[PDB]
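Student: Can you look at this? It's an experimental structure, sequence on top.
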Amino acid sequence: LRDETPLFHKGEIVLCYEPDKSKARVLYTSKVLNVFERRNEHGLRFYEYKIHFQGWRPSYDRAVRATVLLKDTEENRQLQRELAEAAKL
């Protein structure tokens, strides 16, 4: 395997996928609290993104991988709205 690149920064607003795989997919508006560089068993770098879920108390804060995060673009905001509606269908 091979080094990740850090893709998000402290203070950034990002959209985070629901981790529960039993649930219809939805995105949560989140804030990056910390970006921590680690190396895996192969000696390659990966990043742990500690995030806060906007509108929730800090006890809900979690560290996640880049794969579950999206940039806060208009297109991803629309995706979030689409998914939220579908979850309610």
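Tutor: Structure's in. What do you need? Numbering: from 1, shown residues only.
Student: doesn't residue 2 fall inside a helix?
Tutor: No: counting by DSSP: H, G, I helix; E, B strand; the rest coil, residue 2 is not found in a helix; it is coil.
Student: just checking, it touches residue 40?
Tutor: No: counting by Cβ atoms under 8 Å, residue 2 does not reach residue 40; the two are 10.4 Å apart. No exception for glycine: its C-beta is placed from N, CA and C like everyone else's.
Student: Which one's more surrounded, these two?
Tutor: residue 40 (11 against 7; other Cβ atoms under 10 Å).
Student: residues contacting the more buried one?
Tutor: For residue 40, the contact set (Cβ atoms under 8 Å, 6 or more residues apart in numbering) comprises 1, 46.
Student: again, but for the one 5 residues further on
Tutor: Remark: with contacts taken as Cβ under 8 Å, 6+ apart, residue 45 is in contact with 3, 4, 37, 38, 39.
Student: Between these, which sits nearest residue 29?
Tutor: Of all these, residue 29 sits closest to residue 4, with 23.5 Å by Cβ to Cβ.
Student: list the contacts for that closest one?
Tutor: When contacts are taken as Cβ under 8 Å, 6+ apart, residue 4 is in contact with 44, 45, 46, 47, 66.
Student: quick one: which of those residues sit in strands?
Tutor: Counting by DSSP state E, the part of the contacts of residue 4 found in strands is 45, 46, 47.
Student: What is the neighbour count of the second one?
Tutor: When you say that, I think you mean residue 46. 15.
Student: out of everything not next to it in sequence, what's closest to it?
Tutor: Using Cβ to Cβ, 6 or more residues apart in numbering and skipping the chain neighbours, the partner closest in space to residue 46 is residue 4 (4.8 Å).
Student: So what touches the longest strand anywhere in the chain?
Tutor: Among the segments of the chain that qualify as a strand by DSSP E, the longest is strand 27-39. When contacts are defined by Cβ under 8 Å, 6+ apart, strand 27-39 is touched by residues 6, 8-18, 45-55, 61, 63, 69-70, 72, 76, 79-80, 83-84.
Student: Thank you, goodbye.
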